[PDB]
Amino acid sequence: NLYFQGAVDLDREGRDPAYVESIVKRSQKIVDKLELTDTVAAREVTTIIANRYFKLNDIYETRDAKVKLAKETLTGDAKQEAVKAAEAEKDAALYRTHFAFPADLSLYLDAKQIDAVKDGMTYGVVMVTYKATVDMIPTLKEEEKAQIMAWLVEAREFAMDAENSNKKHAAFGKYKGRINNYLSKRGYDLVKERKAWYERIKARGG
């Protein structure tokens, strides 16, 4: 499956060609899982995803340059304030660019397909985590399931903008922590549920 640009320009200029190729291949792999039937649309979506990876890269490079300058020049509270300001500026750049991404995708993809792109950019952690949680506690109430999914989908919106795998898993981890705490406050004995789950996994040949 050889990628070629379509109408959407690939933001390749001035970038290391091996990096560009790695991002395009990553992006192609996400698009493959959509099983699109319009080969031109598939190229366009590939480019849109790649360009978003590249722009995120640039945002984080900017942030890192500011933090490097702070490490070299500042200490104590002044240093922490400069790091805080760089992080706010990073989150601002994410805000300013976040909505254009599904806007652009929507020219080619429906809502379900756009969600599948989000999942592709975030290792499908939403459904892995949701399925595991309901496997662990099969009598969760519908409202508990709904809240758990809502938090995972929120986590995904942040994770898709994160810098790398480590930071993506940290974003999910925050909301997994929230889920854990939520269930314990709602009266579930998580030690007991988890122990019984492991027994069920063994009993079914997992």
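A residue's number is simply how far along the shown sequence it sits, counting from 1.
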{"item": "Selected stretch [higher average CA B-factor]: 118-126 or 70-78", "value": "70-78"}
{"item": "32-40 versus 165-173 - which carries the larger mean C-alpha B factor in the record", "value": "32-40"}
{"item": "Chain thirds of CA B-factor: placement of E154", "value": "lowest"}
{"item": "Ranked C-alpha temperature factor of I179 among modelled chain residues, by third", "value": "highest"}
{"item": "Third of the chain, ranked by Cα B-factor, where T47 sits", "value": "middle"}
{"item": "Within-chain third of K131 by Cα B-factor, per the entry", "value": "middle"}
{"item": "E142, C-alpha B-factor rank within chain (lowest, middle or highest third)", "value": "highest"}
